[PDB]
Amino acid sequence: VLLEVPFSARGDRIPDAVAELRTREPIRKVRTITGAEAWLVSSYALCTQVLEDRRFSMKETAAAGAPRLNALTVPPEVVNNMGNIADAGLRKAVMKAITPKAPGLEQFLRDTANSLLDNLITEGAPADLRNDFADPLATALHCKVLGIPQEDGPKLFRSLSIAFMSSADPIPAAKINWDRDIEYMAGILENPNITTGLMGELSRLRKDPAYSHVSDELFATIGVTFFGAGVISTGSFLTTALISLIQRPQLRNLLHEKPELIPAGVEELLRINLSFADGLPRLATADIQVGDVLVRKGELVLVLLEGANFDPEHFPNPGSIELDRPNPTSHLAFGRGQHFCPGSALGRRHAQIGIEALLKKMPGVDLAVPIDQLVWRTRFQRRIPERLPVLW
Ligand code: HEM
Ligand SMILES: Fc1ccc(-c2ccc(/C=C/Cn3ccnc3)cc2)cc1
C-alpha cells in the first residue's frame, strides 16, 4: 500500500522510520486520512524550501476540490486568517497584544503556575500535569491575554478537543462549537467592561473610523482563533516538554540547580517536540521542483516538522538535548516564512515560566506510571497524553 500518514500518535519518541525516509526519500508520496495523495517532506533543506516559497500556499489548501490532509474545522475563509488580519491593517495591534512583555503578564503566569502546583501538592500524588497544570495554565494565560473573564476559560477550552481534531470528514460538533464561540466573542466586543488585552484593543479599533469597514466577523474570528491556537499549542507543548524533561533526570536536575539555563533548555525542548501530529499543509500553485520531485500545480505538500528538527545534517546528534548548540533557534517548531507563528514569544514564555515553577515546587517530579501507559490522543492535530500522572 501507499505509505499512510501520520505514522504514530505517540509524542514520546520519534519513529525510526522518519530517519530512513529522510535519508532515502526526503520528499515521498503518502496517503492522508481522507484518501488523498500528498508529498511528505522530511529534511531540513526541503522543509525550509517549501515554507519559504509562498507558491506553496496555505490559503489554497481550503479550495473546494483540493486534495486534503483532513477536513476543515473552520470556515474556508478563516484558513487565510492571518492574511485577513494583515489586509485589515490589524497585524501590529494583534502582535502588541500577545507579547509576553505586557505589564504584569509574566507575574500573572508565575502566580497562576505556583497556585496550580500548590493545589496539587495539597491534594497529594499522583497528579495529572496535563489536565490539572499545563492546560489550565495555558487557558488562564489566554484569558488574560484576550482580556476576557477567567471564569469563561474552561467552557472555551472544552471546544478544543473537537476544534483541533484531524478528521477524514466534517465534524458537526466543530461547527456547533465554532458558531457558539464566535457569538461569545461578538458579545465580548459589545461589552463595555472589556478594556484590556487583545479583545479590549479590538473593541476599541472596531469603533475607530480608521478601521470602520473591518467586519464584525473578522474581529470575533480573531478572538476565537487566537484563543484556540494559543491554548492548544501552549498546553500541548508544555505537556510533552514535561515528559521529555522527566525522561531526562540529569537535565531535570541541572535546570533545577541552574534555572538560568531554562530558556536554553526550552529552546531544545521546542526543537525535539513532537506536538504537531501532521505535517504543515500547503497546496502548490505552480509546478515546482523539490529535491528529486517535480511537484505539480494543485498537489498537496506536507512539511514534517520533526523531519527538519531531527535532521542530523543541521542538528548533529539530534536526539540529544544540548544547551550550547550554535544554531539553537533555527528549528522549525514555530514554522518558517510567511506563516511563522505570531505567538512564538508568548509560547516560549509560557513554557519557561511553567517549567521554572514546577522544578522549584516539585524538584523530584517523576512519572507515576510506566511511560508506555500514557494514552496518546488519536486523529488530532496535536500529539498529547490524555493524562500525565506524576509523583514527586
Ligand atoms: C509552544 C507554543 C506554540 C507552538 C509550538 C506553535 C506552533 C505553530 C506553528 C508550527 C505554526 C505554523 C503553521 C503553518 O505554517 O502551517 C503556527 C502558526 C500559528 N500560531 Fe502558533 N504555536 C505556539 C503558540 C501560539 C500562541 C501562544 C498563539 C496565539 C496566542 C499562536 C497562534 C498561531 C496562529 C494564529 C498561527 C497561524 C499563522 C498563519 O496562518 O500565518 N501560536 N504556530
Ligand atoms: F469550535 C472551534 C473550531 C475551530 C477552532 C480553531 C481551529 C483552528 C485554528 C487555527 C489553526 C492554525 N494553526 C496552525 C498551527 N497552529 C495553529 C483556530 C481555531 C476553534 C473553535
# chains A, B, ... in the order shown; residues from 1 in each chain; ligands from 1
>>> closest_atom_pairs(of="chain A", to="ligand 1", cutoff="6 Å", atoms="only C-alpha atoms and all ligand atoms", output="tab-separated table")
residue	atom	partner	partner_atom_place_in_ligand_line	distance
A:82	CA	ligand 1	41 (O)	4.8
A:226	CA	ligand 1	29 (C)	4.6
A:229	CA	ligand 1	32 (C)	4.8
A:230	CA	ligand 1	26 (C)	3.5
A:233	CA	ligand 1	3 (C)	4.6
A:234	CA	ligand 1	2 (C)	4.2
A:237	CA	ligand 1	1 (C)	5.2
A:280	CA	ligand 1	16 (O)	4.7
A:333	CA	ligand 1	10 (C)	5.2
A:334	CA	ligand 1	10 (C)	3.9
A:335	CA	ligand 1	10 (C)	4.1
A:339	CA	ligand 1	41 (O)	3.3
A:340	CA	ligand 1	12 (C)	5.3
A:341	CA	ligand 1	18 (C)	3.7
A:342	CA	ligand 1	33 (C)	5.4
A:343	CA	ligand 1	26 (C)	3.7
A:344	CA	ligand 1	24 (C)	5.4
A:346	CA	ligand 1	27 (C)	5.1
A:347	CA	ligand 1	2 (C)	4.0
A:348	CA	ligand 1	1 (C)	6.0
>>> closest_atom_pairs(of="range 40-91 of chain A", to="range 363-384 of chain A", cutoff="12 Å", atoms="only C-alpha atoms", output="CSV")
residue,atom,partner,partner_atom,distance
A:69,CA,A:381,CA,10.8
A:70,CA,A:379,CA,9.5
A:71,CA,A:379,CA,11.2
A:72,CA,A:381,CA,11.7
A:73,CA,A:381,CA,11.0
>>> write_last_selection(atoms="N, CA and C atoms", output="mmCIF file, in the first residue's frame")
data_model
loop_
_atom_site.group_PDB
_atom_site.id
_atom_site.type_symbol
_atom_site.label_atom_id
_atom_site.label_comp_id
_atom_site.auth_asym_id
_atom_site.auth_seq_id
_atom_site.Cartn_x
_atom_site.Cartn_y
_atom_site.Cartn_z
ATOM 1 N N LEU A 69 -5.459 17.062 3.557
ATOM 2 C CA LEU A 69 -4.881 16.354 4.694
ATOM 3 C C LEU A 69 -5.982 15.838 5.608
ATOM 4 N N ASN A 70 -6.937 16.712 5.926
ATOM 5 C CA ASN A 70 -8.045 16.445 6.836
ATOM 6 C C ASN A 70 -9.155 17.437 6.517
ATOM 7 N N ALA A 71 -10.299 17.256 7.168
ATOM 8 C CA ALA A 71 -11.440 18.134 6.955
ATOM 9 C C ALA A 71 -11.247 19.486 7.637
ATOM 10 N N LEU A 72 -11.740 20.543 6.996
ATOM 11 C CA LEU A 72 -11.777 21.845 7.656
ATOM 12 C C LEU A 72 -12.555 21.762 8.965
ATOM 13 N N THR A 73 -12.067 22.467 9.991
ATOM 14 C CA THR A 73 -12.855 22.682 11.201
ATOM 15 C C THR A 73 -13.217 24.145 11.414
#
>>> closest_atom_pairs(of="range 89-126 of chain A", to="range 143-157 of chain A", cutoff="10 Å", atoms="only C-alpha atoms", output="tab-separated table")
residue	atom	partner	partner_atom	distance
A:97	CA	A:145	CA	7.0
A:98	CA	A:145	CA	6.1
A:99	CA	A:145	CA	8.6
A:100	CA	A:145	CA	8.7
A:102	CA	A:145	CA	8.9
A:105	CA	A:144	CA	7.7
A:108	CA	A:144	CA	8.5
A:109	CA	A:144	CA	9.4
>>> write_last_selection(atoms="N, CA, C and O atoms", output="PDB file, in the first residue's frame")
ATOM      1  N   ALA A  97      -0.600  42.985  21.381  1.00  0.00           N
ATOM      2  CA  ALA A  97      -1.474  42.483  22.438  1.00  0.00           C
ATOM      3  C   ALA A  97      -1.018  41.130  22.979  1.00  0.00           C
ATOM      4  O   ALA A  97      -1.319  40.796  24.133  1.00  0.00           O
ATOM      5  N   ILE A  98      -0.312  40.332  22.180  1.00  0.00           N
ATOM      6  CA  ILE A  98       0.027  38.974  22.584  1.00  0.00           C
ATOM      7  C   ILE A  98       1.497  38.825  22.967  1.00  0.00           C
ATOM      8  O   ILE A  98       1.971  37.698  23.147  1.00  0.00           O
ATOM      9  N   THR A  99       2.224  39.927  23.135  1.00  0.00           N
ATOM     10  CA  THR A  99       3.603  39.821  23.602  1.00  0.00           C
ATOM     11  C   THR A  99       3.635  39.425  25.077  1.00  0.00           C
ATOM     12  O   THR A  99       2.849  39.940  25.876  1.00  0.00           O
ATOM     13  N   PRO A 100       4.567  38.559  25.484  1.00  0.00           N
ATOM     14  CA  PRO A 100       4.663  38.214  26.912  1.00  0.00           C
ATOM     15  C   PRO A 100       5.121  39.356  27.798  1.00  0.00           C
ATOM     16  O   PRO A 100       5.064  39.221  29.028  1.00  0.00           O
ATOM     17  N   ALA A 102       3.826  42.387  28.171  1.00  0.00           N
ATOM     18  CA  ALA A 102       2.818  43.286  28.706  1.00  0.00           C
ATOM     19  C   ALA A 102       2.989  43.400  30.222  1.00  0.00           C
ATOM     20  O   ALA A 102       3.324  42.408  30.884  1.00  0.00           O
ATOM     21  N   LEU A 105       2.001  40.532  33.036  1.00  0.00           N
ATOM     22  CA  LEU A 105       1.611  39.251  32.454  1.00  0.00           C
ATOM     23  C   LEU A 105       2.514  38.124  32.940  1.00  0.00           C
ATOM     24  O   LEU A 105       2.037  37.044  33.313  1.00  0.00           O
ATOM     25  N   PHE A 108       1.668  37.286  36.397  1.00  0.00           N
ATOM     26  CA  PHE A 108       0.417  36.541  36.421  1.00  0.00           C
ATOM     27  C   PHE A 108       0.656  35.074  36.086  1.00  0.00           C
ATOM     28  O   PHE A 108       0.090  34.182  36.730  1.00  0.00           O
ATOM     29  N   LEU A 109       1.472  34.810  35.063  1.00  0.00           N
ATOM     30  CA  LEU A 109       1.815  33.437  34.706  1.00  0.00           C
ATOM     31  C   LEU A 109       2.476  32.732  35.879  1.00  0.00           C
ATOM     32  O   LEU A 109       2.137  31.592  36.215  1.00  0.00           O
TER      33      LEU A 109
END
>>> residues_near_ligand(ligand="ligand 2", cutoff="8 Å", atoms="only C-alpha atoms and all ligand atoms", output="PyMOL selection string")
chain A and resi 73-74+79+156+159-160+162-164+173-181+224-230+233+280+341
>>> write_last_selection(atoms="C-alpha atoms", output="compact mmCIF listing (two decimals), in the first residue's frame")
# COMPACT_ATOMS: atom_id res chain seq x y z
CA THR A 73 -12.86 22.68 11.20
CA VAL A 74 -13.25 26.43 10.48
CA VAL A 79 -7.84 29.33 6.76
CA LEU A 156 -13.90 27.86 25.70
CA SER A 159 -14.30 23.22 22.44
CA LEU A 160 -10.70 22.37 21.64
CA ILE A 162 -13.08 18.79 18.79
CA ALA A 163 -11.83 22.01 17.16
CA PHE A 164 -8.33 20.61 16.66
CA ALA A 173 -19.70 19.45 16.75
CA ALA A 174 -16.91 21.64 15.35
CA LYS A 175 -19.47 23.92 13.70
CA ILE A 176 -21.69 23.99 16.81
CA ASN A 177 -18.75 25.00 18.99
CA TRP A 178 -17.37 27.46 16.39
CA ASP A 179 -20.67 29.30 16.00
CA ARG A 180 -21.17 29.45 19.78
CA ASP A 181 -17.63 30.68 20.45
CA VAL A 224 -11.72 32.54 18.67
CA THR A 225 -8.69 31.62 16.54
CA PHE A 226 -6.02 33.16 18.80
CA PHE A 227 -7.57 31.62 21.93
CA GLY A 228 -7.79 28.22 20.24
CA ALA A 229 -4.38 28.12 18.55
CA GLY A 230 -2.64 29.59 21.60
CA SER A 233 -0.38 24.84 21.24
CA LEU A 280 2.03 21.50 7.86
CA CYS A 341 3.83 31.52 14.47
>>> closest_atom_pairs(of="range 232-293 of chain A", to="range 130-139 of chain A", cutoff="7 Å", atoms="only C-alpha atoms", output="Markdown table")
| residue | atom | partner | partner_atom | distance |
| --- | --- | --- | --- | --- |
| A:234 | CA | A:138 | CA | 5.9 |
| A:235 | CA | A:135 | CA | 4.5 |
| A:238 | CA | A:134 | CA | 6.2 |
| A:239 | CA | A:130 | CA | 5.7 |
>>> residues_around(residues="range 187-189 of chain A", least_positions_apart="6", cutoff="9 Å", atoms="only C-alpha atoms", output="VMD selection string")
chain A and resid 148 199 to 200 202 to 204 206 216 219 to 220
>>> decode(residues="range 191-224 of chain A", atoms="N, CA and C atoms", output="short mmCIF file (atom, residue, chain, number, x, y, z; two decimals), in the first residue's frame")
data_model
loop_
_atom_site.label_atom_id
_atom_site.label_comp_id
_atom_site.auth_asym_id
_atom_site.auth_seq_id
_atom_site.Cartn_x
_atom_site.Cartn_y
_atom_site.Cartn_z
N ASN A 191 -19.22 44.42 25.02
CA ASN A 191 -19.24 44.55 26.47
C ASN A 191 -18.34 45.72 26.88
N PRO A 192 -18.89 46.82 27.41
CA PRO A 192 -18.03 47.97 27.74
C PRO A 192 -17.03 47.68 28.83
N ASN A 193 -17.23 46.62 29.61
CA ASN A 193 -16.29 46.25 30.67
C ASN A 193 -15.00 45.65 30.13
N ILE A 194 -14.91 45.32 28.85
CA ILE A 194 -13.75 44.64 28.29
C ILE A 194 -12.86 45.70 27.67
N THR A 195 -11.84 46.11 28.43
CA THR A 195 -10.98 47.22 28.05
C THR A 195 -9.50 46.85 27.95
N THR A 196 -9.12 45.63 28.31
CA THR A 196 -7.71 45.24 28.30
C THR A 196 -7.49 44.07 27.34
N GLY A 197 -6.22 43.78 27.11
CA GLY A 197 -5.88 42.64 26.29
C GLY A 197 -6.25 42.80 24.82
N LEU A 198 -6.20 41.66 24.12
CA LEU A 198 -6.46 41.65 22.69
C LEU A 198 -7.90 42.06 22.38
N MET A 199 -8.87 41.53 23.12
CA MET A 199 -10.26 41.88 22.82
C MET A 199 -10.58 43.31 23.22
N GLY A 200 -9.95 43.83 24.27
CA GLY A 200 -10.14 45.24 24.59
C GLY A 200 -9.62 46.15 23.50
N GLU A 201 -8.48 45.80 22.91
CA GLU A 201 -7.94 46.61 21.83
C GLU A 201 -8.79 46.48 20.57
N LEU A 202 -9.19 45.26 20.22
CA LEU A 202 -10.04 45.08 19.04
C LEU A 202 -11.37 45.81 19.20
N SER A 203 -11.92 45.80 20.42
CA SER A 203 -13.15 46.54 20.68
C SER A 203 -12.97 48.04 20.43
N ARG A 204 -11.80 48.58 20.77
CA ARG A 204 -11.54 49.99 20.50
C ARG A 204 -11.39 50.23 19.01
N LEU A 205 -10.64 49.37 18.32
CA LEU A 205 -10.41 49.63 16.91
C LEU A 205 -11.69 49.49 16.12
N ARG A 206 -12.59 48.62 16.58
CA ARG A 206 -13.88 48.43 15.92
C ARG A 206 -14.70 49.72 15.88
N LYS A 207 -14.46 50.63 16.82
CA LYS A 207 -15.18 51.89 16.89
C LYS A 207 -14.36 53.06 16.36
N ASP A 208 -13.21 52.79 15.79
CA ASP A 208 -12.30 53.81 15.29
C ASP A 208 -12.54 53.95 13.79
N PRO A 209 -12.81 55.16 13.29
CA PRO A 209 -13.14 55.30 11.85
C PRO A 209 -12.05 54.78 10.93
N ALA A 210 -10.80 54.75 11.40
CA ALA A 210 -9.72 54.23 10.58
C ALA A 210 -9.89 52.75 10.28
N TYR A 211 -10.74 52.04 11.04
CA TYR A 211 -10.98 50.61 10.85
C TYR A 211 -12.46 50.34 10.57
N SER A 212 -13.18 51.35 10.10
CA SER A 212 -14.64 51.34 10.10
C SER A 212 -15.25 50.26 9.22
N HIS A 213 -14.53 49.80 8.20
CA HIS A 213 -15.06 48.79 7.31
C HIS A 213 -14.47 47.40 7.53
N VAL A 214 -13.69 47.21 8.60
CA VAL A 214 -13.41 45.85 9.07
C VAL A 214 -14.70 45.25 9.59
N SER A 215 -14.98 44.00 9.19
CA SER A 215 -16.23 43.37 9.58
C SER A 215 -16.20 42.93 11.04
N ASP A 216 -17.37 43.02 11.68
CA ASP A 216 -17.54 42.41 12.99
C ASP A 216 -17.14 40.94 12.97
N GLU A 217 -17.34 40.27 11.82
CA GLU A 217 -17.00 38.86 11.73
C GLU A 217 -15.51 38.66 11.95
N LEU A 218 -14.67 39.51 11.34
CA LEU A 218 -13.23 39.32 11.50
C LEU A 218 -12.80 39.54 12.94
N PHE A 219 -13.35 40.57 13.60
CA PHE A 219 -12.96 40.85 14.97
C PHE A 219 -13.24 39.66 15.89
N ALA A 220 -14.44 39.08 15.80
CA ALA A 220 -14.75 37.92 16.64
C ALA A 220 -13.89 36.72 16.26
N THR A 221 -13.61 36.56 14.96
CA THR A 221 -12.81 35.43 14.48
C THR A 221 -11.40 35.47 15.05
N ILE A 222 -10.82 36.66 15.16
CA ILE A 222 -9.50 36.80 15.76
C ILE A 222 -9.52 36.27 17.18
N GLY A 223 -10.55 36.63 17.96
CA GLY A 223 -10.63 36.13 19.33
C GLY A 223 -10.70 34.61 19.40
N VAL A 224 -11.58 34.00 18.61
CA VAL A 224 -11.72 32.54 18.67
C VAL A 224 -10.44 31.85 18.21
#
